[PDB]
Amino acid sequence: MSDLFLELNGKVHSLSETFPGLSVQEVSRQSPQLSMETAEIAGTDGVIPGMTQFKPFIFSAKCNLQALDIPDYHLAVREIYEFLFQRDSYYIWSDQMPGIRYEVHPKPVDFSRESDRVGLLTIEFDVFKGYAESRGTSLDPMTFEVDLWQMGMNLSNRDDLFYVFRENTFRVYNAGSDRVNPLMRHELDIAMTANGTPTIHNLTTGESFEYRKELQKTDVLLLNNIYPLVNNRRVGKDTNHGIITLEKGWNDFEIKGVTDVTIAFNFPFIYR
Amino acid sequence: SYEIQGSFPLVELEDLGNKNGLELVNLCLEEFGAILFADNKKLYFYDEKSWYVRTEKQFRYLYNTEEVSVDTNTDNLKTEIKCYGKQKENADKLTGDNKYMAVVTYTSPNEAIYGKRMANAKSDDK
(Lines give C-alpha, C1' and ligand atoms only; values in the text may rest on other atoms or scores of the structure.)
Protein backbone atom coordinates (compact mmCIF):
# COMPACT_ATOMS: atom_id res chain seq x y z
CA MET A 1 0.00 0.00 0.00
CA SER A 2 1.16 3.52 -0.86
CA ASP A 3 0.37 6.79 0.89
CA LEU A 4 1.57 10.39 0.95
CA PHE A 5 2.10 12.42 4.13
CA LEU A 6 1.95 16.22 4.14
CA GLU A 7 3.41 18.37 6.91
CA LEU A 8 1.38 21.60 7.05
CA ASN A 9 1.22 24.13 9.91
CA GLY A 10 3.01 21.70 12.21
CA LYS A 11 0.49 18.92 11.57
CA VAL A 12 1.01 15.68 9.65
CA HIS A 13 -1.91 14.72 7.39
CA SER A 14 -2.20 11.48 5.46
CA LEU A 15 -3.63 12.10 2.00
CA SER A 16 -5.63 8.86 2.01
CA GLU A 17 -6.84 9.34 5.59
CA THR A 18 -7.94 12.94 5.03
CA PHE A 19 -9.94 12.05 1.90
CA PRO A 20 -11.38 8.50 2.12
CA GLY A 21 -12.31 8.41 -1.57
CA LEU A 22 -8.79 9.36 -2.70
CA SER A 23 -6.08 6.69 -2.81
CA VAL A 24 -2.47 7.07 -3.93
CA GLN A 25 -1.59 4.64 -6.71
CA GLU A 26 2.12 5.34 -7.16
CA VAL A 27 4.87 7.84 -6.36
CA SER A 28 7.88 8.88 -8.42
CA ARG A 29 10.72 11.38 -8.25
CA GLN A 30 12.48 13.17 -11.10
CA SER A 31 16.23 12.69 -11.16
CA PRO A 32 18.47 15.52 -9.91
CA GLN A 33 18.78 18.20 -12.57
CA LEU A 34 22.53 18.54 -12.82
CA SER A 35 23.74 21.65 -14.65
CA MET A 36 27.36 22.63 -15.23
CA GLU A 37 27.97 26.36 -15.72
CA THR A 38 29.54 26.04 -19.14
CA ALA A 39 31.86 28.68 -20.58
CA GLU A 40 32.69 28.56 -24.29
CA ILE A 41 35.84 29.92 -25.94
CA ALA A 42 35.35 30.31 -29.68
CA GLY A 43 37.66 28.17 -31.78
CA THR A 44 38.24 25.54 -29.08
CA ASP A 45 36.52 22.20 -28.53
CA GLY A 46 33.87 21.62 -25.90
CA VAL A 47 33.27 23.80 -22.86
CA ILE A 48 35.04 24.73 -19.64
CA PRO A 49 32.80 23.57 -16.76
CA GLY A 50 32.29 25.93 -13.85
CA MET A 51 30.74 24.73 -10.60
CA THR A 52 28.13 21.99 -10.94
CA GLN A 53 24.72 23.02 -9.60
CA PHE A 54 21.35 21.32 -9.17
CA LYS A 55 18.09 22.78 -10.48
CA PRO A 56 14.68 22.35 -8.82
CA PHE A 57 12.86 19.15 -9.71
CA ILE A 58 9.45 17.46 -9.57
CA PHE A 59 7.97 14.82 -7.25
CA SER A 60 4.92 13.15 -8.77
CA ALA A 61 2.10 11.08 -7.26
CA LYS A 62 -0.45 9.25 -9.40
CA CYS A 63 -3.74 8.78 -7.51
CA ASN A 64 -7.45 8.26 -8.12
CA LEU A 65 -10.62 9.54 -6.48
CA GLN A 66 -13.69 7.31 -6.13
CA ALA A 67 -16.75 9.17 -4.86
CA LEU A 68 -20.18 7.96 -3.79
CA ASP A 69 -22.13 10.22 -6.17
CA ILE A 70 -21.76 13.26 -8.41
CA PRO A 71 -22.31 15.94 -5.70
CA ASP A 72 -19.87 14.01 -3.52
CA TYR A 73 -17.41 13.94 -6.42
CA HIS A 74 -17.59 17.71 -6.90
CA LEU A 75 -17.31 18.37 -3.17
CA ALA A 76 -14.31 16.05 -2.89
CA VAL A 77 -12.62 17.73 -5.86
CA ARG A 78 -13.12 21.17 -4.31
CA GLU A 79 -11.90 20.01 -0.89
CA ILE A 80 -8.80 18.39 -2.42
CA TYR A 81 -8.03 21.61 -4.30
CA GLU A 82 -8.44 23.58 -1.07
CA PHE A 83 -6.20 21.19 0.87
CA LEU A 84 -3.37 20.85 -1.65
CA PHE A 85 -2.90 24.50 -2.68
CA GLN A 86 -1.67 26.70 0.18
CA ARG A 87 -0.05 30.12 0.35
CA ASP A 88 3.38 28.84 1.41
CA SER A 89 5.50 25.76 0.79
CA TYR A 90 5.02 22.70 2.97
CA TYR A 91 6.62 19.29 3.47
CA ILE A 92 5.83 15.94 1.84
CA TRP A 93 7.06 12.37 2.12
CA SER A 94 5.96 8.87 1.14
CA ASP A 95 5.43 5.49 2.76
CA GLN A 96 8.02 3.88 0.48
CA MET A 97 10.82 6.06 1.90
CA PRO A 98 9.50 7.49 5.19
CA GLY A 99 12.89 8.85 6.27
CA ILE A 100 13.31 11.46 3.52
CA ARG A 101 11.09 14.53 3.11
CA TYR A 102 10.88 17.32 0.54
CA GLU A 103 9.96 20.98 0.95
CA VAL A 104 7.62 21.56 -1.98
CA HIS A 105 5.11 23.87 -3.68
CA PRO A 106 2.11 22.40 -5.54
CA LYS A 107 1.63 22.66 -9.29
CA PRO A 108 -1.58 23.06 -11.33
CA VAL A 109 -3.03 19.61 -12.00
CA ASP A 110 -6.46 18.95 -13.51
CA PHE A 111 -8.77 16.10 -12.58
CA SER A 112 -9.41 13.68 -15.45
CA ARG A 113 -13.06 12.68 -15.13
CA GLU A 114 -13.37 9.10 -16.39
CA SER A 115 -16.87 8.24 -15.15
CA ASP A 116 -19.67 9.87 -13.17
CA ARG A 117 -17.94 9.11 -9.85
CA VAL A 118 -14.25 8.35 -10.55
CA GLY A 119 -11.44 10.71 -11.47
CA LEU A 120 -7.74 10.14 -12.11
CA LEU A 121 -5.16 12.65 -10.88
CA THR A 122 -1.39 13.05 -11.13
CA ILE A 123 -0.29 15.55 -8.48
CA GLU A 124 3.07 17.22 -9.10
CA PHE A 125 5.02 19.01 -6.38
CA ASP A 126 7.89 21.27 -7.39
CA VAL A 127 10.79 20.98 -4.95
CA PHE A 128 12.78 24.18 -5.37
CA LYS A 129 15.70 23.65 -2.98
CA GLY A 130 17.04 21.10 -5.47
CA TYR A 131 17.64 18.46 -2.80
CA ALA A 132 15.89 16.26 -0.26
CA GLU A 133 16.55 16.28 3.48
CA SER A 134 16.02 13.86 6.34
CA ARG A 135 12.88 14.15 8.45
CA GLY A 136 14.98 14.44 11.62
CA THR A 137 18.03 16.55 12.37
CA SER A 138 21.34 15.35 13.80
CA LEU A 139 20.17 16.05 17.37
CA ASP A 140 17.57 13.28 17.16
CA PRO A 141 18.92 10.03 18.66
CA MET A 142 19.62 7.09 16.37
CA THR A 143 17.23 4.84 18.29
CA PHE A 144 14.46 2.52 17.14
CA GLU A 145 11.76 4.17 19.26
CA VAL A 146 12.25 7.54 17.55
CA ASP A 147 10.71 6.03 14.37
CA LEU A 148 12.55 8.44 12.09
CA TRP A 149 15.51 6.67 10.48
CA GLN A 150 15.34 4.21 7.59
CA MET A 151 17.73 2.28 5.39
CA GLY A 152 19.49 4.01 2.52
CA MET A 153 20.21 7.25 4.41
CA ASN A 154 24.00 6.67 4.19
CA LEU A 155 24.24 5.79 7.89
CA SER A 156 27.66 4.28 8.56
CA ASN A 157 27.34 0.66 9.69
CA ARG A 158 30.85 0.61 11.15
CA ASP A 159 30.96 3.09 14.06
CA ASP A 160 28.73 5.07 16.40
CA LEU A 161 27.42 8.49 15.35
CA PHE A 162 26.92 11.10 18.06
CA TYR A 163 26.79 14.88 17.68
CA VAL A 164 27.52 16.01 21.26
CA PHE A 165 31.17 16.14 22.31
CA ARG A 166 32.93 16.83 25.60
CA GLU A 167 36.58 17.07 24.47
CA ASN A 168 38.68 19.51 22.47
CA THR A 169 39.28 17.17 19.50
CA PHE A 170 36.75 14.88 17.84
CA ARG A 171 35.15 13.76 14.59
CA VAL A 172 31.69 14.60 13.23
CA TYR A 173 30.03 12.54 10.49
CA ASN A 174 27.95 14.37 7.88
CA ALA A 175 25.95 11.61 6.18
CA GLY A 176 24.47 13.84 3.50
CA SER A 177 25.36 13.92 -0.18
CA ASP A 178 26.27 17.63 -0.08
CA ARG A 179 28.80 19.65 1.88
CA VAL A 180 26.80 21.51 4.53
CA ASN A 181 27.45 25.22 3.93
CA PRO A 182 25.29 27.90 5.61
CA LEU A 183 26.26 30.27 2.79
CA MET A 184 24.22 27.99 0.49
CA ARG A 185 21.08 28.51 2.63
CA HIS A 186 21.72 25.27 4.50
CA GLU A 187 20.53 24.66 8.05
CA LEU A 188 23.37 24.30 10.56
CA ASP A 189 23.49 25.11 14.27
CA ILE A 190 26.36 24.86 16.75
CA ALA A 191 25.87 25.28 20.49
CA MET A 192 29.06 25.39 22.54
CA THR A 193 29.54 26.16 26.23
CA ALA A 194 33.04 26.37 27.71
CA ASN A 195 35.41 28.61 29.67
CA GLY A 196 37.94 30.91 28.03
CA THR A 197 38.49 32.37 24.58
CA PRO A 198 37.31 29.80 22.01
CA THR A 199 38.51 28.92 18.52
CA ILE A 200 36.91 26.15 16.45
CA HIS A 201 38.91 24.51 13.65
CA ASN A 202 37.58 22.19 10.95
CA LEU A 203 40.79 20.50 9.82
CA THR A 204 39.43 18.48 6.89
CA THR A 205 37.73 21.54 5.41
CA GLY A 206 40.42 23.84 6.78
CA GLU A 207 38.02 26.42 8.22
CA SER A 208 38.23 28.29 11.50
CA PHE A 209 35.78 30.32 13.57
CA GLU A 210 37.36 32.68 16.10
CA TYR A 211 35.74 34.52 19.01
CA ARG A 212 37.86 37.23 20.65
CA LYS A 213 36.28 37.50 24.11
CA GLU A 214 36.38 35.52 27.33
CA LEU A 215 33.54 33.04 27.80
CA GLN A 216 32.13 31.42 30.94
CA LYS A 217 30.44 28.04 31.30
CA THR A 218 27.08 29.72 31.95
CA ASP A 219 27.10 31.53 28.58
CA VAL A 220 26.11 29.56 25.48
CA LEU A 221 27.64 30.44 22.10
CA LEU A 222 25.16 29.67 19.31
CA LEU A 223 26.13 29.79 15.64
CA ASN A 224 22.99 29.54 13.50
CA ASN A 225 23.66 29.66 9.75
CA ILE A 226 25.78 32.81 9.41
CA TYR A 227 24.90 34.45 12.75
CA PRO A 228 27.03 33.99 15.90
CA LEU A 229 25.37 34.96 19.17
CA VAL A 230 25.91 34.68 22.91
CA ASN A 231 22.71 34.48 24.97
CA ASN A 232 20.83 35.39 21.78
CA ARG A 233 22.85 38.59 21.31
CA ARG A 234 24.67 39.35 18.07
CA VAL A 235 28.44 39.51 18.58
CA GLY A 236 29.58 39.40 14.96
CA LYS A 237 31.79 42.44 15.50
CA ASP A 238 33.93 40.49 18.00
CA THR A 239 34.60 37.49 15.73
CA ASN A 240 36.73 36.79 12.66
CA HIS A 241 33.52 36.38 10.61
CA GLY A 242 34.62 32.90 9.56
CA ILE A 243 32.08 30.12 9.14
CA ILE A 244 32.68 26.39 9.39
CA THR A 245 31.31 23.84 6.93
CA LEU A 246 30.78 20.09 7.12
CA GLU A 247 32.30 18.08 4.29
CA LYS A 248 30.89 14.75 3.17
CA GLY A 249 31.77 11.95 5.56
CA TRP A 250 34.05 12.56 8.54
CA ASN A 251 35.29 15.98 9.65
CA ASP A 252 38.06 16.37 12.23
CA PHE A 253 37.31 19.23 14.64
CA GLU A 254 39.73 20.79 17.12
CA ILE A 255 38.78 23.41 19.72
CA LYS A 256 41.48 25.66 21.17
CA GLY A 257 41.60 28.24 23.94
CA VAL A 258 38.90 26.85 26.26
CA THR A 259 38.41 24.04 28.76
CA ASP A 260 35.51 21.74 29.74
CA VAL A 261 34.11 22.12 26.24
CA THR A 262 30.53 21.05 25.53
CA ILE A 263 29.73 21.42 21.82
CA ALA A 264 26.63 20.14 20.01
CA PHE A 265 25.85 20.08 16.29
CA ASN A 266 22.26 20.37 15.03
CA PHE A 267 21.81 20.09 11.26
CA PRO A 268 19.76 18.02 8.80
CA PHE A 269 21.26 15.67 6.23
CA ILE A 270 21.16 16.76 2.59
CA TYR A 271 20.21 14.01 0.14
CA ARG A 272 19.54 13.93 -3.59
CA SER B 1 47.55 58.58 6.23
CA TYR B 2 49.77 58.70 3.16
CA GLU B 3 52.96 56.99 2.02
CA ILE B 4 55.20 57.77 -0.95
CA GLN B 5 57.27 55.15 -2.79
CA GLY B 6 59.23 56.43 -5.76
CA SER B 7 60.95 59.46 -7.23
CA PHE B 8 59.05 62.47 -8.56
CA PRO B 9 60.11 65.82 -10.04
CA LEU B 10 59.36 69.30 -8.71
CA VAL B 11 56.26 71.09 -10.02
CA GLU B 12 55.56 74.81 -9.78
CA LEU B 13 52.00 75.71 -8.79
CA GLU B 14 49.93 78.82 -8.07
CA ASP B 15 48.00 79.50 -4.83
CA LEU B 16 47.87 75.88 -3.73
CA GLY B 17 44.98 75.15 -1.38
CA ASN B 18 41.28 75.96 -1.05
CA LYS B 19 40.38 72.44 -2.19
CA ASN B 20 39.23 69.19 -0.64
CA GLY B 21 41.53 66.22 -0.11
CA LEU B 22 40.46 64.33 -3.22
CA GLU B 23 40.98 67.36 -5.46
CA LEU B 24 44.53 67.81 -4.18
CA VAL B 25 45.23 64.08 -4.53
CA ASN B 26 44.02 64.18 -8.14
CA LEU B 27 46.17 67.26 -8.73
CA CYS B 28 49.20 65.38 -7.39
CA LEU B 29 48.43 62.37 -9.60
CA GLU B 30 48.03 64.55 -12.69
CA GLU B 31 51.11 66.71 -12.07
CA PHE B 32 53.74 64.41 -10.57
CA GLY B 33 52.61 61.42 -12.64
CA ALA B 34 51.98 59.19 -9.62
CA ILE B 35 49.71 56.18 -9.18
CA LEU B 36 47.46 55.97 -6.13
CA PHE B 37 46.49 52.72 -4.43
CA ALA B 38 44.76 52.56 -1.06
CA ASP B 39 45.03 49.99 1.71
CA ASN B 40 41.70 51.04 3.21
CA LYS B 41 42.51 54.46 4.70
CA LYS B 42 46.26 54.43 3.93
CA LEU B 43 47.05 55.90 0.51
CA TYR B 44 50.26 54.76 -1.20
CA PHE B 45 51.60 56.88 -4.07
CA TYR B 46 53.92 55.02 -6.44
CA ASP B 47 55.60 55.98 -9.69
CA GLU B 48 55.55 54.05 -12.96
CA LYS B 49 58.78 52.21 -12.13
CA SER B 50 57.70 50.95 -8.69
CA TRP B 51 54.01 50.37 -9.48
CA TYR B 52 54.08 47.61 -12.09
CA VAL B 53 55.59 44.27 -11.08
CA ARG B 54 56.56 41.72 -13.72
CA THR B 55 54.85 38.33 -13.56
CA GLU B 56 55.18 35.05 -15.42
CA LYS B 57 51.43 34.84 -16.09
CA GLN B 58 50.64 35.41 -19.76
CA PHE B 59 47.65 35.98 -22.03
CA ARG B 60 47.49 33.41 -24.84
CA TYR B 61 45.13 33.31 -27.80
CA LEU B 62 42.69 30.36 -27.84
CA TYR B 63 43.95 29.36 -24.38
CA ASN B 64 42.51 31.80 -21.82
CA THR B 65 41.15 34.69 -23.92
CA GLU B 66 37.90 34.93 -25.88
CA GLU B 67 37.45 38.42 -27.38
CA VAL B 68 40.31 40.85 -27.98
CA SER B 69 39.59 44.38 -29.21
CA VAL B 70 41.91 47.21 -30.23
CA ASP B 71 40.60 50.75 -30.71
CA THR B 72 42.92 52.99 -32.74
CA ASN B 73 42.37 56.71 -33.32
CA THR B 74 44.48 59.16 -35.33
CA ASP B 75 42.35 62.31 -35.14
CA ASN B 76 45.00 64.03 -32.98
CA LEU B 77 48.06 62.68 -34.83
CA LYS B 78 50.28 65.77 -34.88
CA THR B 79 54.03 65.91 -35.51
CA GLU B 80 54.68 69.68 -35.43
CA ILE B 81 53.81 72.47 -33.01
CA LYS B 82 54.59 76.16 -32.46
CA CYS B 83 54.75 77.65 -28.97
CA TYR B 84 55.22 81.14 -27.56
CA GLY B 85 56.76 82.03 -24.21
CA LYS B 86 56.01 85.02 -22.02
CA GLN B 87 55.04 88.44 -23.38
CA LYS B 88 57.53 91.29 -23.62
CA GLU B 89 56.77 94.57 -21.87
CA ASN B 90 56.88 96.45 -25.19
CA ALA B 91 54.54 93.96 -26.84
CA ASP B 92 52.41 96.67 -28.47
CA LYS B 93 55.57 98.44 -29.67
CA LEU B 94 56.96 95.22 -31.17
CA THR B 95 55.80 93.15 -34.14
CA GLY B 96 55.50 89.43 -34.78
CA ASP B 97 57.28 86.78 -32.73
CA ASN B 98 59.39 89.58 -31.23
CA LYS B 99 56.47 90.09 -28.83
CA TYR B 100 57.74 87.00 -26.96
CA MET B 101 61.26 86.29 -25.73
CA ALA B 102 60.61 82.56 -26.29
CA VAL B 103 59.19 81.33 -29.60
CA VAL B 104 59.97 77.76 -30.63
CA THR B 105 58.76 75.24 -33.21
CA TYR B 106 59.04 71.57 -32.26
CA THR B 107 58.96 68.83 -34.90
CA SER B 108 58.72 65.19 -33.83
CA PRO B 109 60.84 62.56 -35.60
CA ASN B 110 57.64 60.61 -36.35
CA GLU B 111 57.06 63.17 -39.12
CA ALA B 112 59.32 60.94 -41.23
CA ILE B 113 56.52 58.36 -41.08
CA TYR B 114 53.54 60.75 -41.23
CA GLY B 115 54.74 64.01 -42.80
CA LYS B 116 54.10 67.44 -41.37
CA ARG B 117 50.94 67.56 -39.24
CA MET B 118 51.13 70.85 -37.37
CA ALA B 119 48.57 71.64 -34.66
CA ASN B 120 47.12 74.84 -33.25
CA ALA B 121 49.68 76.92 -31.37
CA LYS B 122 49.74 76.71 -27.57
CA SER B 123 50.90 79.65 -25.46
CA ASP B 124 52.54 79.50 -22.03
CA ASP B 125 52.98 82.91 -20.38
CA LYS B 126 55.08 81.76 -17.41
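Heads up: the structure comes first, above all this text.
1. Looking at the overall build of chain A
Moving on, step 1. Each helix and strand counted, chain A has two helices and 19 strands in total.
Moving on, step 2. A compact globule built from 272 residues should have a C-alpha radius of gyration of about 19 Å, whereas chain A, at 23 Å, is more than 25% larger.
Moving on, step 3. Overall size of chain A, expressed as C-alpha extent along the three principal axes, is 75 × 60 × 40 Å.
Moving on, step 4. Taken across its 272 residues, chain A has 42% of its residues classed as buried.
Moving on, step 5. Counting contacts in chain A only where the partners sit at least 6 residues apart, residues at least 24 apart contribute 67% of the total.
Moving on, step 6. As presented, chain A carries roughly 14900 Å² of accessible surface, and 51% of it is formed by carbon and sulfur atoms.
Moving on, step 7. Measuring between centres, the 26 positive side-chain charges of chain A sit 4 Å from its 38 negative side-chain charges.

2. Quick notes on the environment of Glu133 of chain A
Residues and elements named next belong to chain A.
Moving on, step 1. Residue placement: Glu133 occurs in strand β11 (residues 132–134).
Moving on, step 2. Linking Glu133 and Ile70, residues 63 residues apart in sequence, is a C-alpha distance of 40 Å.
Moving on, step 3. Those residues within four positions of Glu133 in sequence are excluded, and the remaining contacts are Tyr91, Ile100, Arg101, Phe269, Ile270 and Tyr271.
Moving on, step 4. A distance of 2.9 Å separates a polar atom in the side chain of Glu133 from a polar atom in the side chain of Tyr91.
Moving on, step 5. One polar contact links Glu133 to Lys129, side chain to side chain, over a distance of 3.1 Å.

3. Focus: a nonpolar patch on the surface
Moving on, step 1. On the surface, a cluster of nonpolar side chains totalling about 410 Å² of accessible area is made up of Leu183, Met184, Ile226 and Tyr227 of chain A.
Moving on, step 2. For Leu183 of chain A, a relative accessible area of 59% gives the class exposed.

4. Things to note about the packing of aromatic side chains
Moving on, step 1. Considering all chains together, one arrives at 22 aromatic pairs over all chains under this definition.
Moving on, step 2. For the pair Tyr163 of chain A and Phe269 of chain A, a centre-to-centre distance of 6.2 Å together with 55 degrees between the ring planes defines the contact as tilted. A residue pair is termed long-range when its members are at least 10 positions apart, and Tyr163 of chain A in the loop between β11 and β12 (164–165) and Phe269 of chain A in the loop between β18 (249–266) and β19 (270–271) qualify at 106 residues. Here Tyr163 of chain A and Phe269 of chain A have matching classes, each one buried.
Moving on, step 3. Ring plane angle 10 degrees and centroid distance 4.6 Å describe the contact between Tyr84 of chain B and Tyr100 of chain B, whose orientation is recorded as stacked.

Criteria and thresholds
Residues numbered from 1 in each chain as written, not as in the entry; some residues may be left out. Chains lettered and ligands numbered in written order. Part of a larger assembly, values for the part shown. Heavy atoms only, no water. Helix = DSSP H or I, 4+ residues; strand = E, 2+ residues; numbered from the N terminus. Rg over C-alpha atoms; globule rule 2.2 N^0.38 Å. Buried < 20%, exposed > 50% of the residue type's maximum accessible area, 1.4 Å probe, protein only. Contact = heavy atoms within 4.5 Å. Areas by Shrake-Rupley, 256 points an atom, 1.4 Å probe, with all protein chains shown as cover. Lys, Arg positive; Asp, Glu negative; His and termini not counted. Charge placed at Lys NZ, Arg CZ, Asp CG, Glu CD. Polar contact = N/O pair within 3.5 Å; in protein donor to acceptor, adjacent residues only side chain to side chain. Patch = residues over 30% accessible without salt bridge, like charges linked within 9 Å, V, L, I, M, F, W, Y side chains within 5 Å. Salt bridge = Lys/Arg side-chain N within 4 Å of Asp/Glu carboxyl O. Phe/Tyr/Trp six-rings, centres within 6.5 Å; stacked < 30°, edge-to-face > 60°.

Worth remembering: the numbers are spatial, not functional.
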